[PDB]
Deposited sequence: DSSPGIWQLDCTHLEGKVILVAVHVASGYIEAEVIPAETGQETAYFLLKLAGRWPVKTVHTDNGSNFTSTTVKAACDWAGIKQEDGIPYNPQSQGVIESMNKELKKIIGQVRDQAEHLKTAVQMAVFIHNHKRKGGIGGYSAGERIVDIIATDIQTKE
């Protein structure tokens, strides 16, 4: 469970936003990519696996994940890819925040990173609670 991420795509303004959610914390990483190809998807997974200890990804089983490049990436990084496993702990939420910052950014992808910043820093559960960024480091830390 600390090694499990759910990957999902969302489309806005004709563009593709690939999102990785750390299931146990709600923490997200995201990128805007030109189309859902094997190469972009593999590169996105490789980057994520280099930044956090990714043991398992649940995907929507879209055709980008059935590509050979994506399989080679997961094997190289030691990720187990589980296609078609539902999200059970977000795209609605990211879009609402993107709407709150959209008029401050000349380009969508800047707005998407602003929204990821706001999501990951936001304290959940009233004033004594913790943000998704706080939660992920507390769950992953091995030697506190």
- Please list, in sequence order, every stretch of the deposited sequence that lacks C-alpha coordinates. 1 to 2, 92 to 99, 155 to 158
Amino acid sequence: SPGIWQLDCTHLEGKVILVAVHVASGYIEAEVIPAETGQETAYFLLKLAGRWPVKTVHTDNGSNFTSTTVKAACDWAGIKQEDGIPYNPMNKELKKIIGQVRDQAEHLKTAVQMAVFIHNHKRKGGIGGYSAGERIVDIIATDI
From here on, numbers count along this sequence of modelled residues.
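In this text, rigid core is short for the largest set of C-alphas that superpose within 1.5 Å between two forms.
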- Item | Between 48 to 56 and 90 to 98, the one whose CA atoms sit farther away in 4 other deposited structures of this protein (rigid core aligned) | 90 to 98
- Could you check whether 14 to 22 or 127 to 135 drifts more from the shown form in 4 other deposited structures of this protein, using RMS Cα distance once the core is superposed? 127 to 135
- Message: For the other entries of this protein included in the comparison (both sides of the residue modelled), is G84 absent in a third of them or more?
- Response: yes
- Quick note on 101 to 109 and 78 to 86: per-entry mean CA temperature factor is higher in 78 to 86
- Mean C-alpha temperature factor, higher of 57 to 65 and 113 to 121: 57 to 65
- Consider only the C-alpha atoms of the modelled residues in this chain, order them by B-factor as the entry records it, and name the third containing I144: lowest, middle or highest. highest
- Lowest, middle or highest third: where is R135 by Cα B-factor in its chain? middle
- Here the Cα B-factor of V16, set against its chain, lands in the third termed middle
- Going by the entry, which third of its chain does the Cα temperature factor of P34 land in? highest
- Item | Ranked against its chain, the third holding the CA B-factor of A24 | middle
